[PDB]
Structure formats: C-alpha cells, structure tokens
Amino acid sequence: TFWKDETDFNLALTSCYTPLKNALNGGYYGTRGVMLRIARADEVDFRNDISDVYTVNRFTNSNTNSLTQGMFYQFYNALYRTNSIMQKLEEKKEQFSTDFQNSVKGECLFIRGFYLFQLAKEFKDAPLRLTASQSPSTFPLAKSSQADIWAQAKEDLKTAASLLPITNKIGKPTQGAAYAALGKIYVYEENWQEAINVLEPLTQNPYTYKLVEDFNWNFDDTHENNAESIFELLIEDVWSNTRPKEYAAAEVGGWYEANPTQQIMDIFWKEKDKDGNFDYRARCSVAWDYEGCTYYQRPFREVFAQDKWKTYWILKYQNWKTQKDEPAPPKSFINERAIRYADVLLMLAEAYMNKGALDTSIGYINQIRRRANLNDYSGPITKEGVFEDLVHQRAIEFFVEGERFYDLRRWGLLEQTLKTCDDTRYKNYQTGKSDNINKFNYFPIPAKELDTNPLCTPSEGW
C-alpha cells in the first residue's frame, strides 16, 4: 500500500494536478477545457466539428453537454484527491516532521484553493465537498453559494501562501503563486483593498518576477519557467491529444477548429506601436495578411490561396515558428502558463483604478504598454478612461488564455460585447436572459448531477 513515507505523499501531490491536464474530458488546461474557456467571448468562432464545443460557442448548449459535465466532474476528482491527502496526512502526522507536514499542507491547500476558485468561477453555486470518503461520495449534498466556495478557496490559499517557499521546482507552487491566485479571487469579488495587499508585494524584493523582453517567451517550449512565470503546468507529465494541431490550418496539417473573429482583430489593430507597426503581441498571437507575416515558416500569402488571404489564424501556443506542421503525436509540449506576472501587474492596475489611485494604476498599465513597445496611456485621467485601456490591454495581453469571457462577465460588458460581435450568437445569448440574470453566463449543473444528487437544485435559468 501507499502513504508509507515522504516520497509517497509527494507522488500523491503530483497526481492532484492530473485532472487539470485531462485532454478530452474537460480538464481545465487540456485541449477540450481550453476550448470551453475561450469559446464564449468575442475571440473566436469554432467550426461545427466538436459539437459540445460548438454549442457552447454559439450559446445553444444544454445541461446534458458532455464536455461541461466532464469539466464539472474533473473538478470534483481533484478535490477528492486533495481532501484525501489532507486526511491521510492528519492520520499519519506522527511519522512526519512538522516541516514536511507544512510542505504537504501548503501545496495541497494551494491546489484545493485553485480548483475551488475555478469550480465556482464556472458553475457559480455548486456542492462543496471538503471531505473524501473511502470512495468519492455520491451521497446527496445541497449546493453552496459562489461566495461560500470562494471563502473556502481564500482560506486555503491564505494558509498556502504562508507555508510555501519563495521558489519551487517547475509546476510546484510558490508563495507568489498562492498570493497571485488569492489576489485573483479578491479581484473577482471586487475586494480591491485586499487584492492590493496581497499583490503589491509581488512586485518587490524578495520576489524576482519581471516581464520578459520578448512576449513570445511566455508561449514557447525553450523559455518555459522564465522570469515572468508564476505557475505553469506540464500537461504531458501525468487512484497524444494536444492543443496545437487543433488550431492549425488544414494547409499545415491541422484541424482548423477555430479562427479569430473580426472584432478581436479590430482590437489588436486599433493602436499601432511606437514605430508605427502592429502591436508585437498581435503579431505573436494571430496570423493575417500583413507584410512579412509568416505561418509555419512560410509567407502567409504562400501558405494560403488568394481566396483565403482574408482569413485569421491563431498563433499563441502553436508551433507556428518552430515547425512547418503539427504532427500527431506531438514532438514537444508547450507548458500552459496558468499565472504569469503580467496578470499581477494588470490586476494591480485594476485594483488601484477602482480604489482611486489613477496615477498608480496608469503606471501598472504602462509597464504592460512599454513591454509591447507602445506609447504610454494617453486617455483621460479618469476612472472611465483608465478602465477603457484596462479592458483593451487585457484583451490583447491574454488572448486565448481563458480570461476574456470571465472578464467581460464580471465587468458587466459581456452582453454589449456579444451584441457587436455576431448577430446570431447575440440572438442566441439573449434567449438566456431571464429575471436579472443570463443562464449562459455560467455552465449549468449537469443533468447527471441533478439526477444523482436530489438535494442539488438546478442552476438559475436552467
């Protein structure tokens, strides 16, 4: 049996990240999870191949969607694992040094808090399981509110931050990762003072976080664990199906599953850089018909026939400059950067703007602008001005990193942003409007859960 020594507990901990890596069943950072995360904003249109993603993209999904179901249950698999470790550690604490106990608890609570965050971010109100039975329990359990789930997540992440080291092996959390995750929960709750409290210190000694000079190093193989990295996942490192082939054009052997919308391209192109060129972030994120655009190591206009010169293609997290194709199986893996320092800077910008330190906020925005070789912020020194560029910089900075939908949602900008993006998607989205909510703002509790758990009420609007 297991649980015998420090090595066994360390192996258990590593296994708690596996549900984030799951490819086909809704693991959060696996290919299908990524699709669900990017599908609902104005970033991309999906083709109608992977039906459960297409319905999500189009706002026609139901509470039987197998992929959103899978996402739900992956979260609970991970919770079961983290709860089990906590229980086993308590049971066996007498054989472990207090230092080892602290290391395990710190990591385990980081992991539990991160998953709890995502659970209530995606499903709003949901059953809150903080104990693990011998088997994952199918006993009935009424939902907890988003606030209560996030309360647990904050408690976990506070304790984690206090116990974790300033540096760690790649894929293992640091105190900075715990603080940054905690800060994000404060941002989502509009607790601006506490966001500032936990995030501002991350910009100072003894931390070493910095924006990398080359934005693209955040999304490559060779600069994994770079100086901007806060927490990264090694997806291939796991009680074949990877991201880049999905988004590459048929012309280079891919499955062309999604393309950037006109609206998102308009956002990328709006403001040119100090030298008059397109924002380097846009040039790292999408391929389109501009002079010198390359795609899989050929000129754009040579890869694509003339009738396709007006199309748009995703580059972020693709092998678009290291390779000429996307073979299957993949030759290498590009870690998912779950948290990076740009996130801390833009979260501070947002917190300071909302609290009323506009100059401070602008300073943080300008760090982001300067890395991208843009002029500094030139909008009015007002909350509304600074908010307009916050939104704009986040859209460009975190394209297809799974932020845009949740951002638009929490800001109350989603409805108007979909309105300008596509008439039919907007029409479908508006069918979800009832009372003062929209049912499409969160994935519904799956039909399977409502059937198996009679104390669970359906999601509002569903």
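Residue numbers here begin at 1 and follow the sequence given.
- Where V238 is followed by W239 in the displayed chain, the model omits 4 to 9 of the deposited residues that sit between the two.
- Where coordinates are absent for parts of the deposited sequence, a chain break appears; between neighbours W239 and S240 it spans 10 or more residues.
- If you average the C-alpha B-factors over 387-395 and over 86-94, the higher value belongs to 86-94.
- When the C-alpha B-factors of 300-308 and 337-345 are averaged, 300-308 comes out higher.
- The residue among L157, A258, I381, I264 whose C-alpha atom has the highest B-factor in the PDB entry is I381.
- Taking only the listed residues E228, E194, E271, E326, the entry reports the highest CA temperature factor at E326.
- Sort the modelled residues of the chain by CA B factor and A126 lands in the middle third.
- Sort the chain's modelled residues by C-alpha temperature factor and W320 lands in the middle third, per the entry.
- Among the modelled residues of its chain, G412 has a C-alpha B-factor that falls in the lowest third, as given in the PDB entry.
- Among the modelled residues of its chain, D49 has a C-alpha B-factor that falls in the highest third, as given in the PDB entry.
- When all modelled residues of the chain are sorted by CA temperature factor, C421 is found within the highest third.
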